[PDB]
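Sending over a structure as structure tokens; questions will come in a sec.
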Amino acid sequence: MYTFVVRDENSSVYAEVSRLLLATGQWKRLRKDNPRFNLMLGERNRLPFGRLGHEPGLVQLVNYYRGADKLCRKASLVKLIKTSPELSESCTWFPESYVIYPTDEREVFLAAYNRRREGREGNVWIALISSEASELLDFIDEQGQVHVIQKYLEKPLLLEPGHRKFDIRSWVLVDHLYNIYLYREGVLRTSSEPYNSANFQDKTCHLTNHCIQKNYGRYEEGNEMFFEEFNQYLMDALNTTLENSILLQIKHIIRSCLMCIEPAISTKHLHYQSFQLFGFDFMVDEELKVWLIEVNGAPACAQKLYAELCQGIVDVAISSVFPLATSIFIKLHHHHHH
Amino acid sequence: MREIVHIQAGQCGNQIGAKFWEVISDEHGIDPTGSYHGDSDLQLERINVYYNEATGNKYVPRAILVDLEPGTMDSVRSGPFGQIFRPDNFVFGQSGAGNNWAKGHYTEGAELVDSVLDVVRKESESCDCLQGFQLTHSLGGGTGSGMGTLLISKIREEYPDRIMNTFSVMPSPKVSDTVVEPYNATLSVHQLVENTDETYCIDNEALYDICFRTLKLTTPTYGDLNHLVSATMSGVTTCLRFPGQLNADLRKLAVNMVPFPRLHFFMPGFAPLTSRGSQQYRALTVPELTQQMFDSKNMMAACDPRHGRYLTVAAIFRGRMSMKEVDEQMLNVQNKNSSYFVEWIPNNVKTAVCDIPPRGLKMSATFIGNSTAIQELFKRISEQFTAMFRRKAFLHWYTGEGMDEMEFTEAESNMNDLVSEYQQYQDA
Amino acid sequence: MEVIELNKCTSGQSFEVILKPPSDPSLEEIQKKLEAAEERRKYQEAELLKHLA
Amino acid sequence: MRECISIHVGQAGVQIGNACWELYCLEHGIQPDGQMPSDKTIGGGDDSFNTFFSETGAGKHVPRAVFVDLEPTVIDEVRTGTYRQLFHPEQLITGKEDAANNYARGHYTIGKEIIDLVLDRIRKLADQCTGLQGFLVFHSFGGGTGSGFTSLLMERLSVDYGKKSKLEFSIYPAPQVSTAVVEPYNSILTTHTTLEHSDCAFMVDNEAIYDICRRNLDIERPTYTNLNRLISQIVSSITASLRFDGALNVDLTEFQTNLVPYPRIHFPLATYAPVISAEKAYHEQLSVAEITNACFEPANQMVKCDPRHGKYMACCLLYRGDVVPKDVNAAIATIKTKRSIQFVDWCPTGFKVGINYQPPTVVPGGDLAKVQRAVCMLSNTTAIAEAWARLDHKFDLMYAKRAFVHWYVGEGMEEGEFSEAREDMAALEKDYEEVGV
Ligand SMILES: CC[C@H](C)[C@H](NC(=O)[C@H]1CCCCN1C)C(=O)N(CCCCC(C)C)[C@H](C[C@@H](O)c1nc(C(=O)N[C@@H](Cc2ccc(F)cc2)C[C@H](C)C(=O)O)cs1)C(C)C
Ligand SMILES: Nc1nc2c(ncn2[C@@H]2O[C@H](COP(=O)(O)OP(=O)(O)OP(=O)(O)O)[C@@H](O)[C@H]2O)c(=O)[nH]1
Ligand SMILES: Nc1ncnc2c1ncn2[C@@H]1O[C@H](COP(=O)(O)OP(=O)(O)CP(=O)(O)O)[C@@H](O)[C@H]1O
Ligand SMILES: Nc1nc2c(ncn2[C@@H]2O[C@H](COP(=O)(O)OP(=O)(O)O)[C@@H](O)[C@H]2O)c(=O)[nH]1
Ligand SMILES: [Ca+2]
Ligand SMILES: [Mg+2]
Ligand SMILES: [Mg+2]
């Protein structure tokens, strides 16, 4: 009998993990404050990592990587990308971004901005969206919190019928050994109202969340296109595949990001172990170049896929460490010699 | 020398007390004349905890034998180890107490108590650094319950800064048919809540059921019961009698076992359970000792440990075994059954290992638990008490010695408060 | 990067190496505290003997 | 030459004390007699070893040490053991009845009645000192005497020697060898009371040492003998600079200067390598690069924590054996590029380095193998606040129910000293977080 503790009630993903674990009949749930657990399904914020791995006769495992917040906050991601030699500063797959504090790299932002003016090229940025610098600087200074001025992609790949925007969500599981596992099913979160070049005020064709989309669901069920259909659209419409045109770039970006922080976050020679599920958010431009938008440290799955992914998390993340009485993941590894 | 002064009162007290001295004398290589004949210096390092040392290299138990009748103490004097005790430490009347707590506490026992205290004073003054006192007695009779608690109260007055320890035998209708035992027990428990630091609840119900069900003795005697009491008594005092790390004295035991002053009633356990003679040829493994010592069927208090939570636990293993394996097995018990150990006292189980096993065994384990399940024992007494007391049944035997009903109401109250106090911490 | 403050001797040597640059109670009070504790302790003991009386 | 007085309080302090002077005597060539053949100035001197050892006309070398416990048993073993003739009887101070794992009993009840005798005996050592620099205090956090008496002593020593430095070697409680459930209470109490009076404190978590003994020395179930002989090595690496010719950490003031910018944040992390089983048949000798890289592994630290998720404010490397500066600097360069070593913005990212050519001495028939080179890293990092969090958590769990509190209140202490002690630690945890992110 193994033991666990649930410390985030809001997690749709780890509610399903605990449910699935209990169903096995070899995992008992304890109450949050009981320290004698094998597994912590931890809280979102202020997770007490200092208290893990100090219970004798218990191997302890947690569902977050301490320090992974550096990848999962927007201003930390820019700084991480900008200051790590393995990515920076000529990273081809992350939009030109600047960390901006309210009332810093604003002096450095305006410099590159004012060459896009005299260069006579498309000068739209995101924080939200505008082509004039005055609106954005004056917006954040007013707003409150720290923000990022990031280059907006004027030329996104558009789905037909409908001339619409989208973004790709890929779920990634990093186990206790730092094996990087990309789930084979991803999802496109679509706009359902045509993308407009000149019209930036109306921010529903431009911002492709699942919530802000509220016509809705004209083309696909809940504005969620999945990989079989999107592969078929790419074959029929563009004479290419998902794997070739998009999924290699996604694999490269995921593996680059996670190898960059491995020294800072790995639990290889530690007294407790970590795993974590990330959600990477990707944008695809009209040239089929993939761009990283952000990484989410506490993702939610899409309704269809919950059952499979959560069983995967149990199989490779939890049952690897705590064994009981066809693979949904692609393992991301590359060792090129030079 | 950190000296403990032992007192035994009444039939039960003197009978289990006599047997305690037999067992520990054999463990320390002391024979009936008080001469050392052992083959190990570990036996003598802390001998002064229980024995004074006279001239001729003689060891005398620091033991005071008290009773209001002469029968049980003539039986002890005439017994095999009887010649070991100091003769002036036998203090006894002729009247008896008639299984009446009022007679023991207020009338018959009052007449004799100052001559007991004179012997206690003499033994105490002779101590370089006295730890305190341990009393053996039953709570169901008259002398041990009534006079025994009177003694506790007087000793506390003279020695307010010493530890008071009891082995209190609880009455069961499976062993005794005296109708007024719940009265004597409830009055005595009222005293124990106020004036003791540590009480071992040796429950006759548990001792009987162990002997009948587990040991397969269809007609148990007191001797069969007492054999389990002496094993337990040998076990729980091991840390006081040999070197030397965990719970090595009475105050250190109390600071580990007693998170709140009133909740100082302990539930002892033992493995392996044995009957006299009937031979343990097979030594237990470390995993079996650990499973058995925590088993309900091995508790000397008739309480279901799964019905409560452990506040604190002391586990003491005896014999030559793997310390690594003891540590694994102990951690295993608290990790597999973690919800029965209060989360709000971290690391509440402590473990000792002594290299010398008890007579006739290679491996033993002794459990001492402060569980909230002990409320079931007090609740059983309370129900037996209230049944009679709501009709004032048999109360004339007590009011005829000058007691008022109000004493009964107060004692009833304090014990019901104890019960609700245990339930308070069971639900935190 | 930069070694400084190098001292050598027969027993050993020491130095500093820089990779990057930057960017009580009185004796009385103790006794008032120890005596107040003793007085509280003695009050508790006196109350006990009051109750036992 | 400036003298240092070592004070050993409680069982842990005394027993760690024995292992230390044993090890010093071996390192310096002093016999259990007290006789040092290699010392040529008979009847006195001012060599570096005279910081720790005074001298008599008969050529005897006597530790500048006081052992104090409220209980004769363990100090009686010092009186009658191998090193009995090394110590003058007035250095070994014993009570009768101990503090029963109760801070309040050690501090208030039994502390009050013994404090003046201990100071008298410490005063007798300070009087035979030409220039006393201060004190090294050894004690547990968990015992009553170790927690309670030490904190009182430290308050007194401040009064009687305000200008003198005080260093601690403190044993942090671990359930695998603890003897009391109230050690978290005792630890927070003594930490609160001692915080102002200690210039630099080296915490050793018994959990870390116990695991190092299992993992690297292949010991099934470590005893205090196993733990202390390892502790004494770490202590010796730290005090070697005061007892031997050198220019790094030559006096007690430098420990503070080099390791403690913020006075309250005075708990440097000690990491030691290599730890190699004597019974190990064949062993590849580890390089300067390897032992220096082992200093950034949580598994080798005296307190298990993660310096990657904190900031350094100072970092000394103390080598013993066949080591030259060329190898140390090359090792640092490599290490820096592979590891996460953030300093605070207001300190230079850098390392103070000290090398002694004599390799570590081992106790004959011990568990530790002889090695060609060893290192103790002393780094002040915010990651050690993890140890306060763990301890503060256990305190909170018990204190919310007022469990065992009646034992302390019974000895004179007020329930409010608990919450004061606690909220001082709350502020300490908050100081470390302020510096660390
Ligand atoms: C015919 C009555 C028998 C003797 C009694 N049964 C009952 O009381 C039943 C009957 C009806 C309802 C339920 N009750 C409990 C009974 O078996 N008793 C206790 C009552 C004795 C009270 C009176 C009659 C004297 C058992 C004890 C009884 O058998 C005795 N044991 C001993 C005894 O242990 N004697 C030893 C010495 C000794 C004497 C007195 C003591 F207090 C202790 C030890 C020596 C023997 C050889 C030994 O070691 O086994 C003496 S009497 C209990 C365990 C239930
Ligand atoms: N490393 C090490 N720890 C010890 C030693 N002795 C005790 N301890 C630890 O110290 C704590 C107990 O404190 P002790 O020093 O025994 O207690 P004390 O200071 O003698 O205080 P009292 O006995 O209460 O008067 C526990 O955490 C023990 O694990 C030792 O020799 N070495
Ligand atoms: N540089 C950019 N170019 C084009 N579109 C962008 C963009 N940055 C953000 N977006 C749009 O904004 C949407 C959400 O962006 P982002 O993920 O940064 O916000 P968010 O973090 O509040 C949503 P979530 O955390 O749930 O994924 C994306 O779906 C994308 O269409
Ligand atoms: N276990 C055990 N119980 C006993 C013994 N003798 C008496 N009792 C119990 O003690 C109670 C009566 O107390 P007793 O000691 O005989 O009366 P006292 O002489 O007035 O103290 C009854 O519940 C008996 O069952 C004994 O030797 N062993
Ligand atoms: Ca000299
Ligand atoms: Mg009788
Ligand atoms: Mg002690």
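Any Cβ shown, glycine's included, is placed from N, Cα and C.
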Which range is it, out of D:1-4, D:13-16, D:177-180, D:377-380, that shows up in Swiss-Prot as motif 'MREC motif'?
D:1-4
Looking at Cβ-Cβ distances, which residues of the chain lie under 8 angstroms from D:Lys370 (ubiquitin cross-link) while being 6 or more apart from it?
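Looking at Cβ-Cβ distances below 8 Å from D:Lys370 (ubiquitin cross-link), excluding near sequence neighbours, one finds D:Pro359, D:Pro360, D:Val362.
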Distance between D:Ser232 (phosphoserine) and D:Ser48 (phosphoserine) at the Cα atoms, whole Å?
19
Listed recorded positions: D:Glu71, D:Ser232, D:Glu254. Which have a CB under 6 angstroms from an atom of ligand 7?
D:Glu71
Can you name the far-off residues of the same chain, 6+ from the ends of the motif 'MREC motif' (D:1-4), with a Cβ under 8 Å from a Cβ of it?
46-48, 50-52, 54, 64, 129-136, 242, 251-252
Using all protein chains in view, find how many other C-beta atoms are within 10 Å of the C-beta of D:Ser232 (phosphoserine).
21
Indicate the candidate from D:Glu71, D:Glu254, D:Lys326 with the smallest number of other Cβ atoms within 10 Å of its Cβ, considering only these recorded positions.
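Counting other Cβ atoms within 10 Å of each of the recorded positions D:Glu71, D:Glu254, D:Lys326, the minimum falls on D:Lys326.
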CB neighbours of D:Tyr282 (3'-nitrotyrosine) within 10 A?
4
Check the Cα-Cα distances from D:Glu71 (Mg(2+) binding site) to the recorded positions D:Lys40, D:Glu254, D:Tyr282, D:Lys326 and tell me which is shortest.
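Checking each of D:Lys40, D:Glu254, D:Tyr282, D:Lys326 against D:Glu71 (Mg(2+) binding site), the shortest Cα distance is to D:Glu254.
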For D:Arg339 (omega-N-methylarginine), which of the recorded positions D:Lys40, D:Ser48, D:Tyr282, D:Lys326 has the nearest Cα in space?
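Comparing Cα positions, the candidate nearest D:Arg339 (omega-N-methylarginine) turns out to be D:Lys326.
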Distance check, please: Cα of D:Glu254 (active site) against Cα of D:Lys40 (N6,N6,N6-trimethyllysine), rounded to an integer number of angstrom.
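About 30 Å separates the two Cα atoms.
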Look up D:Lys326 (ubiquitin cross-link) in the DSSP assignment and report helix, strand or coil.
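It is helical.
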These are the modified residues: D:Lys40, D:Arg339. Which one scores highest on other Cβ atoms within 10 Å?
D:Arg339
Determine how many residues of the motif 'MREC motif' (D:1-4) DSSP places in helix, in strand and in coil.
0 helix, 1 strand, 3 coil
